[PDB]
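*Asks:* Pasting a structure below so you can have a look.
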Amino acid sequence: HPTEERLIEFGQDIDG
Amino acid sequence: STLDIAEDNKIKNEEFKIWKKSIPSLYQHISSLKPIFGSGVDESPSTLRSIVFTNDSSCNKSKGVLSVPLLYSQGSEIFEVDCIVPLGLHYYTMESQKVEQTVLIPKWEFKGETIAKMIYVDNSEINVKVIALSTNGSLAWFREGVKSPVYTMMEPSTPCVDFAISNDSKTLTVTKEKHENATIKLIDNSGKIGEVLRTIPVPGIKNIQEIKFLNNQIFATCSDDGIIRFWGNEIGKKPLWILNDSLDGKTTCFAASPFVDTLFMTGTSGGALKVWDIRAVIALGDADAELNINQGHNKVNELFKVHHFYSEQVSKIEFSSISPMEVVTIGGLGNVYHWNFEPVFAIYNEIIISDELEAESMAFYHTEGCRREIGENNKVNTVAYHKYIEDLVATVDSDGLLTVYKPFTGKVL
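Right under this line is the structure:
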């Protein structure tokens, strides 16, 4: 479900 | 955030160990080495680098190894690393022990230049081996056994500069992004190397992101606006045709098929891969019409369409020199996409590609375990696809960790 250097780990999650 | 630095590093450190496990499961041969350069060489991460494989490969039947030398661009000097791979790939603890312990000696060094792009050409007419395009738009031709270049095109030092050579290695195209209209510089590379054959400034465009030759008399150009401007070797100030694609994002680069003079490969920031025929774009005719940038996208339906991983901006593409269906694609983060359009040619033989079709078209995806970090050095020219070795490619990261490998597509040929 959608979310609830900080954006960096966020962009990695969408890819996987 | 301090946790944000322990966030991306930790996730990849597991994801790298994930790809580290299936390393013997997804590839036929994979190797990594650290370039060992002599004293004085710059080892910075932001160091502009490029690599391209040479055609002087060697065979070793007594040891079962295949020697594949590669020209390494490190600032002003060009290094030569002989890659040791298995012989069973096309037709090793000690072989790696040599190159890792062999201090790379700069065979050719262009003092005053930054190596941006290089093209190894086997032309016995000028007896040259490498032609590297400097960051200042300069090119230098160096021959065998020569530490200094034999011929050079020196521009006044002030960006982006791309260099492409004709099919017969007789014409060179050079882009000069001036901060002033962008220029496409023509240089004859047969008898009068170094002298500008022509100068054609492109008014209204500042930079040419990519330069690619379609034939021995046809050339192309790509600006930041994503409009493909194809200019001819004839005496004409303006392009004979103009290709404009804004449907799938802003166009980034292009590739010319070595066996299909009309079919070409396109790339855009929107992650879509486009295959278009040159006859259709020329069929529009009359590129002398008013250059209405305000005019909508040209009603040009391409031949076929694909997609990158998660719409990753395709920054580079290069068709294989041995196979007409094997395609190389470069994402924004350095991942190397392995594309083989052999399945589409079948669906085109029995009658938009489906999600399962685009799933079946991708041969493999090489991310190197997320180790290919996005530095300041553009990895466009840091990838070399073997023209004579199938599926064998080399990569250069900002960490200096040189990678050379061949992926396993699972299709027993």
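Protein chains in written order, with the authors' numbering: chain A, 1345 to 1348, 1361 to 1372; chain K, 2 to 92, 107 to 173, 186 to 206, 210 to 381, 388 to 449. Using N, Cα and C, we set each Cβ at its ideal position, and we do this for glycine too.
If you measure between the beta carbons of residue 302 of chain K and residue 278 of chain K, is that distance less than 8 angstroms?
*Replies:* In contact: residue 302 of chain K and residue 278 of chain K (Cβ atoms closer than 8 angstroms).
*Asks:* Can you name, in chain order, every residue of its own chain whose Cβ lies under 8 angstroms from the Cβ of residue 265 of chain K, other than the five neighbours on each side?
*Replies:* Closer than 8 angstroms at the Cβ level, and outside the excluded window around residue 265 of chain K, lies no residue.
*Asks:* Which stretch, first to last residue, makes up the alpha helix (DSSP H) that contains residue 20 of chain K?
*Replies:* Where residue 20 of chain K is concerned, the enclosing alpha helix (DSSP H) stretches over 3-22.
*Asks:* Assuming residue 51 of chain K contacts residue 133 of chain K under a Cβ cut-off of 8 angstroms, what Cβ separation, rounded to an integer in Å, is found between them?
*Replies:* With a Cβ gap of about 6 angstroms, residue 51 of chain K and residue 133 of chain K count as contacting.
*Asks:* Would you tell me roughly how many angstroms separate the C-alpha atoms of residue 218 of chain K and residue 200 of chain K, rounded to the nearest one?
*Replies:* Going from the Cα of residue 218 of chain K to the Cα of residue 200 of chain K covers about 9 angstroms.
*Asks:* Within its chain, find whatever has a CB closer than 8 angstroms to the CB of residue 232 of chain K; leave out the 5 residues flanking it on each side and keep chain order.
*Replies:* The answer, listed in chain order, is 211, 212, 213, 214, 238, 251, 253 and 259.
*Asks:* Taking its Cβ as the centre, do 16 or more other Cβ atoms sit within 10 Å of residue 449 of chain K, making it buried, or is it exposed?
*Replies:* It counts as exposed.
*Asks:* Check the Cβ-Cβ distances between residue 1365 of chain A and every residue of chain K, and say whether any is below 8 angstroms.
*Replies:* Judged by the 8 angstroms Cβ criterion, residue 1365 of chain A is in contact with chain K.
*Asks:* If distances are taken between C-alpha atoms only, which option among K/446, K/430, K/368 and K/108 comes closest to residue 73 of chain K?
*Replies:* For the residues K/446, K/430, K/368 and K/108, the minimum Cα distance to residue 73 of chain K belongs to K/430.
*Asks:* Out of K/158, K/224, K/392 and K/270, which has the shortest C-alpha to C-alpha gap to residue 197 of chain K?
*Replies:* For the residues K/158, K/224, K/392 and K/270, the minimum Cα distance to residue 197 of chain K belongs to K/224.
*Asks:* Going along chain A, which residues have a C-beta under 9 angstroms from residue 2 of chain K?
*Replies:* Here the neighbours are 1361 and 1362.
*Asks:* Taking 6 angstroms as the limit between beta carbons, can you name the residues of its chain near residue 32 of chain K, skipping five residues before and five after?
*Replies:* Taken in chain order, the residues that qualify are 440.
*Asks:* Counting pairs of beta carbons, one from the region 3-11 of chain K and one from the region 414-429 of chain K, are three or more of them closer than 8 angstroms?
*Replies:* Touching, no, given that fewer than three Cβ pairs across the two stretches are closer than 8 angstroms.
*Asks:* Kindly indicate the opening and closing residues of the alpha helix (DSSP H) around residue 109 of chain K.
*Replies:* Its alpha helix (DSSP H) spans residues 108-116.
*Asks:* Can you confirm whether the region 402-417 of chain K touches the region 348-358 of chain K when touching is taken to mean that 3 or more C-beta pairs between the two stretches lie within less than 8 angstroms?
*Replies:* At 8 angstroms Cβ cutoff, the stretches do not touch.
*Asks:* Report yes if the CB atom of residue 276 of chain K is closer than 8 angstroms to the CB atom of residue 297 of chain K, and no otherwise.
*Replies:* The answer is no: Cβ separation not under 8 angstroms.
*Asks:* Let me confirm a value: residue 241 of chain K is counted as buried when at least 16 other C-beta atoms fall within 10 Å, else exposed. Which label applies?
*Replies:* Buried, by the Cβ-count rule.
*Asks:* Does the region 77-91 of chain K touch the region 117-127 of chain K, meaning 3 or more C-beta pairs lie closer than 8 angstroms?
*Replies:* Short answer: they touch.
*Asks:* With a CB to CB cut of under 6 angstroms and the five nearest residues on each side skipped, what residues in its chain are close to residue 271 of chain K?
*Replies:* Closer than 6 angstroms at the Cβ level, and outside the excluded window around residue 271 of chain K, lie 260, 311, 312 and 317.
*Asks:* If you check the beta carbons only, do residue 230 of chain K and residue 267 of chain K fall under 8 angstroms apart?
*Replies:* Against a cut-off of 8 angstroms, the Cβ pair of residue 267 of chain K and residue 230 of chain K comes out as a contact.
*Asks:* Ignoring anything shorter than 3 residues or poking outside the region 212-261 of chain K, list the beta strand (DSSP E) runs there in chain order.
*Replies:* Those beta strand (DSSP E) runs which fall completely within the region 212-261 of chain K and span 3+ residues are 212-218, 226-232, 238-243, 249-253 and 257-260.
*Asks:* Along the region 8-25 of chain K, where does the CB come closer than 7 angstroms to a CB of chain A? Name the residues.
*Replies:* Here the close residues are 8, 9 and 12.
*Asks:* Could you check how far apart the C-beta atoms of residue 368 of chain K and residue 443 of chain K are, in whole angstroms? I think they sit under 8 angstroms.
*Replies:* Right, their Cβ atoms sit about 6 angstroms apart.
*Asks:* Straight-line CA distance for residue 108 of chain K to residue 85 of chain K?
*Replies:* So the two alpha carbons sit approximately 10 angstroms from each other.
*Asks:* For residue 24 of chain K, I'd like the list of residues in its chain whose CB is within less than 8 angstroms of its CB, leaving aside the five on either flank, ordered along the chain.
*Replies:* Counting only Cβ-Cβ distances below 8 angstroms, and skipping sequence neighbours, we find 31.
*Asks:* Is it buried or exposed for residue 75 of chain K, if we count other Cβ within 10 angstroms and need 16 for buried?
*Replies:* Buried, because 16 or more other Cβ atoms sit within 10 Å of the Cβ of residue 75 of chain K.
*Asks:* Measure the beta-carbon distance from residue 294 of chain K to residue 308 of chain K and round it to whole angstroms, keeping in mind my assumption that it falls under 8 angstroms.
*Replies:* With a Cβ gap of about 6 angstroms, residue 294 of chain K and residue 308 of chain K count as contacting.
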